[PDB]
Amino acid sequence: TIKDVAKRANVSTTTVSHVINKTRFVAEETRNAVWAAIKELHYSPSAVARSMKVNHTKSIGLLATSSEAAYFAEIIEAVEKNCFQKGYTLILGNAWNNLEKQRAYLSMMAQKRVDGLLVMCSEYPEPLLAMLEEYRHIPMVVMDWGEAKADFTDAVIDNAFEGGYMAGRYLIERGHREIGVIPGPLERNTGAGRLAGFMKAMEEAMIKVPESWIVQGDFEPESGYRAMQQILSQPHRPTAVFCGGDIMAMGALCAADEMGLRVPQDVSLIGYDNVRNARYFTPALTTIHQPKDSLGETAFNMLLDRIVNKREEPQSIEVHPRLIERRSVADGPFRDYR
């Protein structure tokens, strides 16, 4: 079709190309004429053809876990912002923690020749670490590990442990000594990693969480609902609970209410993520905030780097969680004794 444009304009396609990409000087007249045709002809250059020669699609692939989940969604929306402004196109792919699903998206992606790959799989079994390696050729960063699982990729680390610790600390400093915890999947960083930061502060304080007091969640409200239930549904109950994620917490809130327990007056709750609308949780949720925007921008950036400045060596950038005091936590019985 560039051919048809060149014709209407009575010049070479080479010319046409030059004016379309301002890649060499072109007579005003000439340049106008090209536009002229470009317009009537209603021309849309073909990126596929272009990509064929220039060797880069100017498109990036997001190999995600899921996109509805608030936490996730927020990150994604950030990443997209970044692609858009640096001219990239985003191909969002959700694998739902399915190996087969992952092996697929991974493949479709390579085939569509994505300039780079953004990775958010939540859990990384050897089998997954494996496939990922088979693509070391395509530039990629994983945005959700705690340490650097591998050498063939970039990594942004969230400091999910110091997050866990921050949370426990607060509760402790608040007068609490009978605390429960509903963590997320231990096969995930935000899961095991947050739990352990929390657990260290406890040990540090000689606090011992009864096993009847720690209940796995899956980051979904329902899991929170069930955990809280189980927790307050026992003879002896804690005065405070640390909830691995905001959405689950939101679920933990509803159950207390349903059992007629007042929060923070009956149980104090601290969550984690500081999701876009935790402030409007009822009560306004006190939580650890995870910089998600920076998590995205910073991920897009290492990638762009690797891409544009052809970087070869892996790299890793830390990011930092920070406590956000809201209204779901009250003083514990030991406040005054410290």
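Residue numbers here begin at 1 and follow the sequence given.
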property: 57 to 65 versus 307 to 315 - which carries the larger mean C-alpha B factor in the record; result: 307 to 315
property: Between the two ranges 267 to 275 and 26 to 34, the one averaging a larger CA B factor in the entry; result: 26 to 34
property: Peak C-alpha temperature factor (PDB record), options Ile182, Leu90, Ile76, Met140; result: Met140
property: Residue with maximal Cα B-factor (values as given in the PDB entry) among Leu171, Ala148, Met228, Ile207; result: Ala148
property: Third of chain Cα B-factors occupied by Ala49; result: middle
property: Lowest, middle or highest third - CA B-factor, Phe219; result: lowest
property: Modelled-residue ranking by C-alpha temperature factor, third containing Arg262; result: middle
property: Chain-wide C-alpha B factor ranking for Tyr124, given as lowest, middle or highest third; result: lowest
property: Where the record places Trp96 (Cα B-factor, split into thirds across the chain); result: highest
